[PDB]
Every structure is written in C-alpha cells, then in structure tokens.
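Student: Handing you a structure now.
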Amino acid sequence: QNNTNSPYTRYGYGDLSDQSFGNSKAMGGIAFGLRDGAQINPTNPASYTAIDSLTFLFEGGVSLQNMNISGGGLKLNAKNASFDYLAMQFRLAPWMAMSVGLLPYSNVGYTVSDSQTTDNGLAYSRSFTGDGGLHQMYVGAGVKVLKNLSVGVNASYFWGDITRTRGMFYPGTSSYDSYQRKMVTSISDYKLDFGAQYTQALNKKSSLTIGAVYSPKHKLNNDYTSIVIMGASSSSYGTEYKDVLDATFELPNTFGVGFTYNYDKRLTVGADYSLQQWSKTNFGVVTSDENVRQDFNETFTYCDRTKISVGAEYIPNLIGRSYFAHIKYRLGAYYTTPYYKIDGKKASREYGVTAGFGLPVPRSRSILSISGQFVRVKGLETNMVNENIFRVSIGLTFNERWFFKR
Amino acid sequence: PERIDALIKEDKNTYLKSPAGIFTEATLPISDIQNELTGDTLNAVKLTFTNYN
C-alpha cells in the first residue's frame, strides 16, 4: 500500500507503473522518440548517446496522489505517496553511453473490508487485502552505428513478491478460530529490452526523430504458494497448512513506436503508440484442488494493453535575462486500455491530462521537474468502480562536470 | 444406593453427583455435521451445559 489503493490491483500483476522520468511524466509519456540530452530516459535504450561529453547525470523522483473512488452510490477518497525512479548515466566514448538504475514495474495495493449480520443473530466480518509488487534493476548501453542512427539494450534483473489474503472474523465471539488464505507469488528472473532511434535534419534548423522499442515474450522462474492460516489471533500465530504449486508466469511481446519534431531548440512536439500482447500469454497452474485452480485462472487473466500519448515542451528566449525565459513549459495527454479482464469482458478504460515545468538551477545544469497529472479510470460494466486520481511529481536531474582531466 | 438409583431415573434433568455418584452422558450429532457441512472449514464448535440454582 505504498503505490496504489485501486481495487483493480487484485487482478494480474497489479497495475503497470510507467517508468516515465520527469520530462516525460509532464509530456504525457512520449518517451520512445525523445532525445532530450539533459535528462535520463530508460524507456528507449538508444536515447543514451545524447549526453554531453564531460557530464554525469543522477536522476530521482517522488510523487503524491489523491484517489477519489466511487461506485454504487458510495463515495470515498484515499491518499498515498510513492518512489518512482532512480538512475545514473554517463559516457564511455565519443560514440557510446551507459546507464544503471532502479525502476518499478507493477504494484498492488488494496484493503477492501466488510461487516455483516445473519438472520440468526451472528455477526461476521470479512477482509480482503493485498501487498507487494514487481521491481526491475537494469544496466544498459547505447551506441552510434551511423551518424544518424543509434541502438541500445537494457539487461535487467526482475524480481518481486505479490501477496493476497482473504479473512473471516467474528467480532464479539468469545473464542473461535479465524480463517485466512494467503496466496503468494515470488518471482526472480531476467528481462531484455531493445531499442533504436534515427534523427533527420529537416530544413537546417529543425530535426525530426523516430524511435522504436521491443522486448520479447518470456517465461518466469517463480515460487507460487497457497497458504491457509487457521486460528491466528492477537496473541497466537495459529497453524499454517502450506501448499506449493507448479505455476507458470509470463511476460508478453511488447512493441512501441513514436516520433518527435524539434525546432530551433526552442520547441518539441511528439506522439507515441505502444501495444503489449497480454492476451497471447499462457498463464496456468496444475493442482488437484479445483478451488485454487479456479482462483488462479480467474485472477491471472489478461487482455491486450494499448497506449496512445501526445505531448510537447516549449522554452522561450533562453538567452534573455529573465528567469521565466529559462523555464521549460510542458503539456501532454494520453489514453490507455488497461489489461484487466473481469468476468469475461474487458474491465476499464482510462484518460489523462498532464502539465509541468522544467525549473533550472542558476550557475548549474541541474533541473527540478515539478509536474502534475489528472487521470480518470472509467469502469465499463455496472458493478465496477470509477476513479478520479490527481498527482504532483517532484524530480531532480543532478548534473555535474565529472570526467574532466588536465 | 436407592436414592441414587431413583435420581438417575429423572427425565426432566441430569445430575453430576461427584463422589462416585452420577455422571451425565451426551450424544453428539456427528453424522448430521458430516452431512450438512461437508466442504466447509469448521471455525468453532460450541457445546454448553447449564444448570439450576
């Protein structure tokens, strides 16, 4: 419960976090075609070759949020805060750059409870929680094969733990045993990501870039387990009847493409498209217990995720003596069909609009990237919730003269 | 002995006369539980005996 409170995260790996750094987070997430050399961009490994010769860049980030959650006539809101990235980047040659960093991939968070009373007079309470997520740590490099063309790769360690619980409690009863089943999925494997970029010199002052990115379908080493706890209390641990299962987990083929136009180094505009082949993945488990089998088949099921995004930034008259001439101004918007399948049909559809700044530090080349985002998630069927979520986003690209020699 | 044998034959109540006197015997409905709650997890099974002053 450190990144989300959306109860959609009870399905799948949760919701995928976009590892969109400060400039892209305000620009709607148009990260495939970008070659903004002052800030880091892990989403396309071919982007690393834009870094200035003597520099070392160290980027980080926070984010606060306020989710308005609505459904069935009930209304409520819930506020969390996160940690979204941390990455180093430096140059190894006139034609190669390298980066290493730490990124989220997906997170889960939900508590959804209930209290009841039967006609016979027995009061009972239920409680469905969830915690954990999947994470990524990567080392990547990008090289120039031709004066216009760059290619690169990210090799990543890919590990996590997702835990999901069900309870049944009887408040007011003198002595009893509580029932709770805690299904856990630990994962530890590797992930490969490939990208390329090409830049064209239009009209002697402008430039237009195109970028593409790809990552192959993969099958994951894992430790899926089905615990059922009995009799736990405020004083006792109860008993655990563990059960270890031969489950199969995967990552789909992912494709992405986009472009960015640029003018006089004062203006950039661009748009991206991406598709993830979730519906062509073979998730499954083998067991003799149908209840467990049915849960697995109903919680790990997916549809193809697609994303469309557009954005821009503008930097007016950066040589004049006024601070508002040094501030990068950013805008964007995006559309996504999330990969959730609930019942047989697709679950939700979401929209977002974003805006932010690029505050530079005087007498330095560090940048502070305050940004904000409004996102609405609409449920496509009557029994599901709607969300209005708001979020600020602080991030600082440190930048210092590092590899200098006399 | 005669008083104990007479009190054992009362049918509105049961006694618990301790010094080698009277015990009380209960018949649990195990078959009905085994039929009606198959597939459940039992969380509590409560039995209560209660008395006059």
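Student: From the residues in the stretch A:68-85 that are closer than 21 Å to A:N107 by Cβ and without any contact (Cβ under 8 Å) to a residue 12 or more places away in the chain, which one is surrounded by the most Cβ atoms within 10 Å (Cβ to Cβ)?
Tutor: A:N77
Student: Filter the stretch A:305-325 down to the residues that are among the charged types (D, E, K, R) and surrounded by 15 or more Cβ atoms within 10 Å (Cβ to Cβ), then identify the one that is nearest to A:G356 (Cα to Cα). Spell out the reasoning first.
Tutor: First, the residues of the stretch A:305-325 that are among the charged types (D, E, K, R): A:305, A:307, A:313, A:321.
Filter again for surrounded by 15 or more Cβ atoms within 10 Å (Cβ to Cβ), leaving A:305, A:307, A:313.
Numbers: A:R305: 26, A:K307: 21, A:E313: 9 Å.
Out of the qualifying residues, it is A:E313.
Student: For the stretch A:339-371, which residues satisfy the criterion of being in contact with a strand residue (DSSP E or B) (Cβ under 9 Å, 6 or more places away or on another chain) and among the small types (G, A, S)?
Tutor: First, pick out the residues of the stretch A:339-371 that are in contact with a strand residue (DSSP E or B) (Cβ under 9 Å, 6 or more places away or on another chain): A:339-342, A:346-361, A:364-371.
Of everything in the stretch A:339-371, those that are in contact with a strand residue (DSSP E or B) (Cβ under 9 Å, 6 or more places away or on another chain) and among the small types (G, A, S) turn out to be A:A347, A:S348, A:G352, A:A355, A:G356, A:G358, A:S364, A:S366, A:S369, A:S371.
Student: Here's a follow-up. Looking at the stretch B:7-22 only, could you name the residues that are in a loop (DSSP other than H, G, I, E, B) and surrounded by 11 or more Cβ atoms within 10 Å (Cβ to Cβ)? Break it down stepwise before answering.
Tutor: First, pick out the residues of the stretch B:7-22 that are in a loop (DSSP other than H, G, I, E, B): B:9-22.
Once the filter is applied, which keeps residues that are in a loop (DSSP other than H, G, I, E, B) and surrounded by 11 or more Cβ atoms within 10 Å (Cβ to Cβ), the stretch B:7-22 yields B:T14, B:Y15, B:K17, B:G21, B:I22.
Student: Here is a follow-up. Looking only at the stretch A:155-176, count every residue that is within 14 Å of chain B (Cβ to nearest Cβ) and closer than 22 Å to A:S99 by Cβ and tell me the total.
Tutor: First, pick out the residues of the stretch A:155-176 that are within 14 Å of chain B (Cβ to nearest Cβ): A:166-176.
Going one step further and asking which of them are closer than 22 Å to A:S99 by Cβ, we end up with none.
Here the count works out to 0.
Student: Which residues, counting only those in the stretch A:329-361, are touching a residue at least 24 places away in the same chain (Cβ under 8 Å) and assigned to a loop (DSSP other than H, G, I, E, B)?
Tutor: Scanning the stretch A:329-361 gives A:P338, A:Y339, A:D343, A:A347, A:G358, A:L359.
Student: Check A:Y214, A:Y224 and return the single one that is farther than 30 Å from B:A44 by Cβ, in contact (Cβ under 8 Å) with a residue 40 or more places away in the chain and surrounded by fewer than 16 Cβ atoms within 10 Å (Cβ to Cβ). Can you show your working first?
Tutor: Numbers: A:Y224 fails: surrounded by fewer than 16 Cβ atoms within 10 Å (Cβ to Cβ).
Within the list A:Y214, A:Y224, the selection yields A:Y214.
Student: Out of all the residues in the stretch A:276-298, which are surrounded by fewer than 14 Cβ atoms within 10 Å (Cβ to Cβ) and not basic (K, R)? Don't jump to the end; show me each part of the working.
Tutor: Our first condition is that a residue be surrounded by fewer than 14 Cβ atoms within 10 Å (Cβ to Cβ); within the stretch A:276-298, this holds for A:279-280, A:282, A:286, A:288-291, A:294, A:297-298.
Of everything in the stretch A:276-298, those that are surrounded by fewer than 14 Cβ atoms within 10 Å (Cβ to Cβ) and not basic (K, R) turn out to be A:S279, A:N282, A:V286, A:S288, A:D289, A:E290, A:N291, A:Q294, A:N297, A:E298.
Student: Looking only at residues in the stretch B:31-53 that are surrounded by 10 or more Cβ atoms within 10 Å (Cβ to Cβ) and more than 13 Å from chain A (Cβ to nearest Cβ), which one is nearest to B:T14 (Cα to Cα)?
Tutor: So the residue we want is B:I33.
Student: Further, regarding this structure: Scan the stretch A:253-280 residue by residue and report those that are more than 20 Å from the chain's Cα centre (by Cα) and part of a loop (DSSP other than H, G, I, E, B). Please lay out each step first, then the result.
Tutor: Kept after step one, since they are more than 20 Å from the chain's Cα centre (by Cα), are these residues of the stretch A:253-280: A:259-270, A:280.
Hits for the stretch A:253-280 are A:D264, A:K265, A:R266.
Student: Can you find a residue in the stretch A:198-220 that is within 14 Å of chain B (Cβ to nearest Cβ), farther than 26 Å from A:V269 by Cβ and assigned to a strand (DSSP E or B)?
Tutor: So in the stretch A:198-220, the residues within 14 Å of chain B (Cβ to nearest Cβ) come out as none.
No, the stretch A:198-220 contains no residue that is within 14 Å of chain B (Cβ to nearest Cβ), farther than 26 Å from A:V269 by Cβ and assigned to a strand (DSSP E or B).
Student: Take the stretch A:33-55 and flag every residue that is in contact (Cβ under 8 Å) with a residue 60 or more places away in the chain and outside any loop (DSSP other than H, G, I, E, B).
Tutor: A:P45, A:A46, A:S47, A:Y48, A:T49, A:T55
Student: Hey, among the residues in the stretch A:227-246 that are in a strand (DSSP E or B) and over 35 Å from the mean Cα position of the chain (by Cα), which one's nearest to the other protein chains (Cβ to nearest Cβ)? Working first, answer last.
Tutor: Taking the stretch A:227-246 first, the residues in a strand (DSSP E or B) are A:227-230, A:239-240, A:244, A:246.
Remaining after also requiring over 35 Å from the mean Cα position of the chain (by Cα): A:230, A:239.
Values: A:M230: 7, A:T239: 12 Å.
Per the criteria, the residue is A:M230.
Student: Right, another one. Looking at the stretch B:1-32, which of its residues are in contact (Cβ under 8 Å) with a residue 12 or more places away in the chain and of a type in the set (V, I, T)?
Tutor: B:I4, B:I8, B:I22, B:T24
Student: Within the stretch A:381-406, how many residues are closer than 25 Å to A:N68 by Cα, outside any strand (DSSP E or B) and out of contact with any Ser or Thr (no Cβ under 6 Å at 6 or more places or on another chain)? It would help to see each step written out before you state the result.
Tutor: Start the filter on the stretch A:381-406 by keeping residues that are closer than 25 Å to A:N68 by Cα, which leaves A:381-395.
So of that shortlist, the ones also outside any strand (DSSP E or B) come out as A:381-385, A:394-395.
Then drop every residue that is not out of contact with any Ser or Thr (no Cβ under 6 Å at 6 or more places or on another chain), which leaves A:381-385, A:394.
Of the residues in the stretch A:381-406, 6 are closer than 25 Å to A:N68 by Cα, outside any strand (DSSP E or B) and out of contact with any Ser or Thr (no Cβ under 6 Å at 6 or more places or on another chain).
Student: Is it true that some residue in the stretch A:146-154 is within 14 Å of another protein chain (Cβ to nearest Cβ), surrounded by fewer than 19 Cβ atoms within 10 Å (Cβ to Cβ) and out of contact with any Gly (no Cβ under 8 Å at 6 or more places or on another chain)?
Tutor: Keep residues of the stretch A:146-154 that are within 14 Å of another protein chain (Cβ to nearest Cβ), which gives none.
Looking through the stretch A:146-154, none of the residues is within 14 Å of another protein chain (Cβ to nearest Cβ), surrounded by fewer than 19 Cβ atoms within 10 Å (Cβ to Cβ) and out of contact with any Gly (no Cβ under 8 Å at 6 or more places or on another chain).
Student: Is it the case that some residue within the stretch A:177-195 is within 14 Å of another protein chain (Cβ to nearest Cβ), part of a loop (DSSP other than H, G, I, E, B) and surrounded by 15 or more Cβ atoms within 10 Å (Cβ to Cβ)? Before you say what the answer is, go through the steps one by one.
Tutor: Step one: of the stretch A:177-195, the residues within 14 Å of another protein chain (Cβ to nearest Cβ) are A:177-181.
Next, from what is left, pick out any that are part of a loop (DSSP other than H, G, I, E, B): A:177-178.
So of that shortlist, the ones also surrounded by 15 or more Cβ atoms within 10 Å (Cβ to Cβ) come out as A:177-178.
Yes, because at least one residue in the stretch A:177-195 is within 14 Å of another protein chain (Cβ to nearest Cβ), part of a loop (DSSP other than H, G, I, E, B) and surrounded by 15 or more Cβ atoms within 10 Å (Cβ to Cβ).
Student: Also, I was wondering about something else. Just one of A:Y273, A:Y302 is surrounded by fewer than 18 Cβ atoms within 10 Å (Cβ to Cβ) and touching a residue at least 12 places away in the same chain (Cβ under 8 Å); which is it?
Tutor: Values: A:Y302 fails: surrounded by fewer than 18 Cβ atoms within 10 Å (Cβ to Cβ).
After ruling out the rest, the residue left standing is A:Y273.
Student: Then there's this: Checking A:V112 against (1) within 14 Å of chain B (Cβ to nearest Cβ); (2) touching a strand residue (DSSP E or B) at 6+ places or on another chain (Cβ under 8 Å): exactly one of these is not met. Which one?
Tutor: (1)
Backbone-built Cβ (ideal geometry, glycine too); neighbour counts: all protein chains shown. Bear in mind these aren't lab numbers, they're just calculated from the coordinates by the rules spelled out.
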